[PDB]
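Worksheet: the structure to be examined is printed underneath.
4 protein chains.
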Amino acid sequence: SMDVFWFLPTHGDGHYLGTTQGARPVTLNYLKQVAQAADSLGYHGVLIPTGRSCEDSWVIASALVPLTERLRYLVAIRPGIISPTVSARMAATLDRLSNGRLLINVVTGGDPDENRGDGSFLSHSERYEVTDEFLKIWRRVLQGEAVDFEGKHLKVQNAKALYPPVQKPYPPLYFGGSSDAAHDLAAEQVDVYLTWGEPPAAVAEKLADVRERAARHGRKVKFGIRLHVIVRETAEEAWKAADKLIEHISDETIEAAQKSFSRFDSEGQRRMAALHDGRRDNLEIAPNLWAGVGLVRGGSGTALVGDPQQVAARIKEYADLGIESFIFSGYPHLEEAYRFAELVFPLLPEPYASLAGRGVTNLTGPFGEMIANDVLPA
Amino acid sequence: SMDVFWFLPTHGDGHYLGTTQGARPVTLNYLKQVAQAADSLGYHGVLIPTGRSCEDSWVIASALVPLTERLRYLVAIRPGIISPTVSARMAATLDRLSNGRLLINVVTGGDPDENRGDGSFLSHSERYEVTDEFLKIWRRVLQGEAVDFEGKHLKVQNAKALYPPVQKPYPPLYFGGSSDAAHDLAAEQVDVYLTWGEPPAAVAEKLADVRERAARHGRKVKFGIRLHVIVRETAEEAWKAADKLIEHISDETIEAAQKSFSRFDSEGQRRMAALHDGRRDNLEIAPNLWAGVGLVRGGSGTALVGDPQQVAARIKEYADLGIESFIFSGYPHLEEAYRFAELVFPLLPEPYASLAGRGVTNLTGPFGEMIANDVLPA
Amino acid sequence: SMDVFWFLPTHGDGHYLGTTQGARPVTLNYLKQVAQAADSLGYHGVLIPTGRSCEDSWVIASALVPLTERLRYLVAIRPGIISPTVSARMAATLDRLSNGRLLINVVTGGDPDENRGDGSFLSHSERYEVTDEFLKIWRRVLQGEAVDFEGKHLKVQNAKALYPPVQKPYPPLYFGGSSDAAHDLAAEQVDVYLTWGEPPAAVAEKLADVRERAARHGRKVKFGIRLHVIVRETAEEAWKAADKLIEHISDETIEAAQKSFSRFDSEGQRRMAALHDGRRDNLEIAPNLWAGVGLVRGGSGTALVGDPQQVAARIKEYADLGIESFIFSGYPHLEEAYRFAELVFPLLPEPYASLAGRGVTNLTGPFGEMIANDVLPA
Amino acid sequence: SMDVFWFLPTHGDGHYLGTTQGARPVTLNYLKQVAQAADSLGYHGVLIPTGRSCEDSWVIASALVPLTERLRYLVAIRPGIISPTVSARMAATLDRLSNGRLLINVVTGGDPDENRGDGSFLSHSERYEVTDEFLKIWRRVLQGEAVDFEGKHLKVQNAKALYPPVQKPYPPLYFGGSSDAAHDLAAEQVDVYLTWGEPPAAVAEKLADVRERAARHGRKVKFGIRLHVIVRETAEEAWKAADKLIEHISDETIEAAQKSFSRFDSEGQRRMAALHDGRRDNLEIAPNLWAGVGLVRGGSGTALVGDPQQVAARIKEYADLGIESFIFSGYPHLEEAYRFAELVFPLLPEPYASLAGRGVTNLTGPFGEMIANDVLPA
Ligand SMILES: Cc1cc2nc3c(=O)[nH]c(=O)nc-3n(C[C@H](O)[C@H](O)[C@H](O)COP(=O)(O)O)c2cc1C
Ligand SMILES: Cc1cc2nc3c(=O)[nH]c(=O)nc-3n(C[C@H](O)[C@H](O)[C@H](O)COP(=O)(O)O)c2cc1C
Ligand SMILES: Cc1cc2nc3c(=O)[nH]c(=O)nc-3n(C[C@H](O)[C@H](O)[C@H](O)COP(=O)(O)O)c2cc1C
Ligand SMILES: Cc1cc2nc3c(=O)[nH]c(=O)nc-3n(C[C@H](O)[C@H](O)[C@H](O)COP(=O)(O)O)c2cc1C
Ligand code: NA
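Protein chains in written order, with our numbering: chain U, 847 to 1224; chain F, 847 to 1224; chain B, 847 to 1224; chain P, 847 to 1224.
Structural data, given as structure tokens:
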């Protein structure tokens, strides 16, 4: 079993990184194009990023829910900048309108400059104390309880969400974080622990630690991984596409991004930037794992590059560690959603092996362009 | 010079108040029905309420924006439970996706229990201090400024909204409130001051008060009024429908509703609850002004009742006081939106006079159901 | 079993017949309103009329299919004015796009003036000869057969529809007609025989006649009835609403309508026109069967008028005769669709009994408008 | 000025011709993707093919109209298989539902086998006599006339289209045909004369003939061209992409299509098949004009292949001949719609030079994926 996600580029899209050449603006029509493509191609869901660099995740997810049928939306909540009772009501409303298609990504926010801009002057350990108290109120409120809670940071009295969610006990909690406090938080409250595309050896160590701490609370959590993907029919086309993706990036842009990454107080972000060292050489840190994206883009900075057989093999290596969720992305996000679904889906377990080419449809007849007006293609 | 709004019943709908008989569940489909009706009928916009008793306003409005073309959405924000910078990004995104169809209703929250349920333990004077600092940050960030602010309650450092809104300088701010702190805040920062359906005499005093305080800041504030409406072809049918609206309300529900109203420290709620005092008699506090709605429903608790000429007469009276915005509602909200547009619109100024019956359309030809198969109606 | 249909007023809508007072123009917005209401309220489908007085059924049905989830569309085909091979491809495409939600209403056309306007100069028997040959090509082509056909009226060689339909062997064939040629055609080729709202005794004879002729061919056809419905909470309101429907109808308009009906060459139209005799008196030709609609409207000219228990009883009577399909309509079509579902559905067999009031939804919680802000309705 | 159309692959889509490898089935979701992409990218419209090899044009176009805002639809009508009065009502309905976004492609049918399959046993000259009589009735009824027409093939009495279209006097008539009868028909009745992708010298002779024949009637006929496009950043990429397109085409499939084209009774099809005569070598019949598509595809069988400067240059060569409309297509039709708009639109006249990259968008701010979370791309 495997859940394959796509990605909504709410922070912008294009053919090349760190530039405006071939860039596509974030519009409702284009986001609808990507979401409906992922919905019809059979992706389990789409991840919506959050932060100052992105449009609001909740406005986007809510606008695309009535325009899609089965696609699930992994939406980020940010404790510390919103009341947990209100956030719970937001999740309840969106889960009700979507008929149980809401997934929650718990985000603590690793940029102190962004946090101060939102009015949150908490330290790294305080952000996780807030998130811990946030989730405890959030989870109980969505289970129908009038909550009285008085913590170090948050205090509510008679917190109630009158409209229950569709998913019981609440929309599943996804969480990504690499710090010690992050692993304690995931082990206690979250349902799925997420990691960025570190090499398999590093991901194995992070999974073993989360599984160990989850055993102390008598819990078993699931695991997912966030990776870019540059797959082509051959590996030579894939590496050429990987090279062209960062060819228009000047050293003034690389050094500016790494300088902004040094300001971040995020254990996961530092581990990602440490893979490429801010240089253009040795970007293939592992077989078919390419760290060129991290030179400019924050967060996910690695990509699987190669033919379909190679990309599938690297997906199996991660799956052998206990990873069941895979959140992929490509540039541009519309075309690469079709590319990954056509090249990689037939090599993945069901239902993705059967969803390839056809998609979510039951139609037959002339499959492909008709030869003249009386010859079926073969 | 008139904008006519309708209302999305995100707190529940039905044919009768208090009871569940004839109640209509609020789903995505039914909200699409109401929103698309007001859009096609030519209403300027719809009001979406906020609170523990309602679904989330932002999730609802975002879900209905891609499903309408011209309809504006008056969406409520509540300072004190969400970061002002994050709220500005939410407003920017929705205003961009809707192409400038977003309107903001500033809500301070008049129920101390609901405020404590969300984590806010502020007094009446402190809630307006937070809103005042909230709006100052909110209005400046949406204008492209990197804001440094340090007030009594809020503190931001390098607050920025990277995606500018469509409406300049920002989506217009609507505000309702009758306390002295409310009128000072309305005079300084809001664009439209809203009032509930009080008799014209009391509305004129509140309007004259806000208008004078706003003059000290050099601002010309617009005025709107929130009112229920029960309009029928004759005045006799209207009073029958008003009686049926409350015929299934027991005295134990009235006491439970008024017991909650006394908990509210809201000045506007106190003035509305004092018009009926829980009585079932003397509900016509003014010519064609019926206060039966306020027996169980908080907020707007008065209604215009009568034939189209009587309802339009009360509307012109309010308009002669300087009121340019009108937010109406009826039970059930779908049918009454058509009834009001078909009975009252032809009696209102343009464009509502021309929008009567036809609506926002350019189609010609047979008007009405055809006679036989070749005889046009006349 | 029981399938309950609604009706799309593609020939115009309104509150009153004959006149233009309270008329609603047929627009894409309003047809979306009616279709999406019937879809969400749980109706099995909607009937779309065809003819000179209506917008094209195939364009309307195709435009609303992507905007609805489970609603079926009973679309009309008229042999003699379109190639059966092309019509077969149209049915295949719409059935494929709707994922098997297409239903076919075979219409022979009962107005010689309209038929001549379309280029058809066939007599009554010749129209049924064309229809009989049409359906044979239509059914064989949709079953994947390369058809050579040389009949009296139609001639095709190597007729093929390369895209098969979702429903096998083809979308079901509904047919309405009262002539002897109609009963032969229905007994031999159609799946469901439809009749207008005649008294149960007259319906029983037509049903027995069709059933006997189908037995001779070794076939069993189902039966449905087409009726208007004016249902109110009490019987007195229903009869008052029936009087309002024809209060704005002048005798000059009745005479012009009945003069056009005498031009028609349809047995079913004459049987319907013979129920009211072109007069306003004795319109209740049967218990709760009111023939006032036929005084101006062509086709369905009777209505079920009464309280829910009275309407549900007349439905049960028809169902005792073997009728399993019920195609209802009301004025206006949007509001009356909710009225019938909220009043009659609880008195109908499953699933209409469980779909009553709530529609097709899995939402729980506060049912009805909230009392104050923490008191659930009861 | 210039109108740039795209193409809906209602006959099938994919990456490679002649084979099922990489093929995409014609589904509602995929067609919605292609149409909404062309709508948002700024294309003037899309062409929808008709015939036995495709899904029905009217069903497809009607289903996509409510899902698009500005995109126009060039929909085919085929005289001889449908009544002109019925066809005019379909055009009136779709033009009204789309608010004037309907265009008509007049198709006579060049395949005798496909025509006989639809019940039309007319010769080449007879098909143009039917079309001439069809269009006279079609154009007159849409102008609000009760038409009496008695011709050699068609006879109508009191033909009326009750619902007038939005476009006056009627939706524009596009027409393609290279025979002498076609050029007479285009000079007299049609608004836009279309030609397939012949070399510029052969196009100039056809346009000069039509212009001369139309001047005798005092009419000016707009000119358009239909062409596939394989454009890439470099010329070598485009030529390699063109080779990949036909690399899976078996020589037995080429002969299976050329023998099918010999049966056709179309002068324009013969002129297209005479450009290569099945020869696999030297398919570049003109600078950047590649006839590789004509090996297996009927109708349009030539493509523009080259870098953006070469493709734009060939477009300007056709424009100087007087061609104002361009109907382009590519494989696959979704990805190639973006490729052409992003690569060729900036080299085209307004408004396509402004629609490049930006598209129909008034949004400002970040343009492309954000560098980190505060640095905008440049
Ligand atoms: C898969 C994944 C997705 C994430 N998405 C976001 C996001 O959208 N916005 C964000 O600010 N942080 C995101 N993060 C990062 C964390 O949620 C959080 O901001 C912080 O970096 C965790 O800090 P830590 O590694 O020091 O424990 C994501 C992390 C992962 C692994
Ligand atoms: C037109 C209008 C709409 C309002 N909408 C809301 C709402 O949706 N939620 C809410 O809590 N309060 C709403 N209020 C009430 C005030 O915004 C605020 O909550 C408080 O009651 C004002 O307190 P005050 O009158 O003492 O200054 C509304 C008021 C008006 C006039
Ligand atoms: C339920 C029902 C629906 C019908 N719908 C249509 C229609 O939409 N357009 C139409 O022209 N005739 C319609 N008819 C009438 C017949 O299909 C046909 O046109 C003709 O009147 C039958 O003639 P006959 O009774 O003499 O056999 C309908 C009949 C029934 C019973
Ligand atoms: C741009 C263009 C589009 C056409 N589209 C179609 C079509 O969709 N279906 C079709 O059968 N023929 C199509 N044709 C061909 C003609 O409409 C017609 O079928 C026939 O080939 C003309 O015959 P002629 O060249 O001998 O005058 C098209 C022609 C052109 C130039
Ligand atoms: Na390193």
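Yeah, the Cβ is synthetic: ideal placement off N, Cα and C, and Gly gets one too.
Test item: CB-CB of residue i and residue j under 8 angstroms
i: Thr856/F; j: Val872/F; result: yes
i: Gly965/P; j: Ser908/B; result: no
i: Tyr1039/P; j: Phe1069/P; result: yes
i: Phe1174/B; j: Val1075/B; result: yes
i: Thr1099/F; j: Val1139/F; result: no
i: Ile1131/P; j: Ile1071/P; result: no
i: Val1049/B; j: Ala1060/B; result: no
i: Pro1011/B; j: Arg942/B; result: yes
i: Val921/F; j: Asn945/F; result: no
i: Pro1212/U; j: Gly864/P; result: no
i: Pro1015/B; j: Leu949/B; result: no
i: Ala1027/F; j: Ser971/F; result: yes
i: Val953/F; j: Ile983/F; result: no
Outcome for residue i when other beta-carbon atoms lying within 10 angstroms are tallied against a minimum of 16
i: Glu975/B; result: buried
i: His1179/U; result: buried
i: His861/F; result: buried
i: residue 796/P; result: Here chain P comprises residues numbered 847 to 1224, so residue 796/P is not present and cannot be evaluated.
i: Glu1215/P; result: buried
i: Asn1208/F; result: exposed
i: residue 792/P; result: Missing from the structure shown is residue 792/P; chain P here goes from 847 to 1224 and no further.
i: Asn961/P; result: buried
i: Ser1171/U; result: buried
Cross-strand partners of residue i (DSSP beta bridge)
i: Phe851/B; result: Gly891/B and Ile1173/B
i: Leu949/U; result: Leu920/U
i: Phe967/F; result: Beta-bridge pairing links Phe967/F to no other residue.
i: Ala1005/U; result: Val993/U
i: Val1151/B; result: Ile1076/B
Contact test: residue i Cβ vs ligand 1 heavy atom, cutoff 7 angstroms
i: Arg1072/U; result: yes
i: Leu1040/U; result: yes
Distance cut-off 7 angstroms: residue i Cβ against heavy atoms of ligand 7
i: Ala1033/P; result: Among the ligands in the structure shown, ligand 7 does not appear; only ligand 1, ligand 2, ligand 3, ligand 4 and ligand 5 can be found there.
Contact test: residue i Cβ vs ligand 3 heavy atom, cutoff 7 angstroms
i: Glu1113/B; result: yes
i: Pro895/B; result: yes
i: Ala1137/B; result: no
i: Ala1218/F; result: no
Residue i Cβ short of 7 angstroms to ligand 2 heavy atom set
i: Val1012/F; result: no
Residue i: CB within 7 angstroms of a non-hydrogen atom of ligand 4
i: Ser1025/B; result: no
ask   = Which residues have their C-beta within less than 7 angstroms of a heavy atom of ligand 5, listed in chain order?
value = Counting every residue whose Cβ lies closer than 7 angstroms to a heavy atom of ligand 5, we get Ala1120/U, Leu1121/U and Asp1123/U.
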